[PDB]
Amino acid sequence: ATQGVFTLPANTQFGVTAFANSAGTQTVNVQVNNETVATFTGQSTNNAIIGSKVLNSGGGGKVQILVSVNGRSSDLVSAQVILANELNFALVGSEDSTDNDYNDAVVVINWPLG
């Protein structure tokens, strides 16, 4: 299945936060309605935050996360969870190698804000 794609409510603010856990330098691309709106880059094996931004989901509400290491696409896993019928998390893990820890770049999307 395609992973890392989420439909948000339109024209809504969301937070996006990326964490690194790999020897490889991670590149996280955030696409909103098929246009790049953020790129995060960094390296850590200790969960460093390599980016955190507030973005808007625009008309279509389509948010897509892509992760690459030195231009090679990582394999993604994802899900959305809603708490109290209001608080939303869109969650992405990514795997750059063989150990299947899926934490090499971790991306958390949250909404609503404010």
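From 1 onward, residues are counted along the sequence shown.
**Student:** Would you determine, from the values in the PDB entry, which of 85-93 and 65-73 has the greater average C-alpha temperature factor?
**Tutor:** According to the entry, 65-73 carries the higher average C-alpha B-factor.
**Student:** Quick check: 24-32 versus 74-82, which has the larger average CA B-factor in the record?
**Tutor:** That would be 24-32.
**Student:** So among 108, 8, 1, 5, who wins on Cα B-factor in the entry?
**Tutor:** 1 has the highest C-alpha B-factor of those listed.
**Student:** State the tercile, meaning the lowest, middle or highest third, of residue 13 with respect to the CA B-factors recorded for its chain.
**Tutor:** Within its chain, residue 13 is a middle-third residue by C-alpha B-factor, going by the deposited values.
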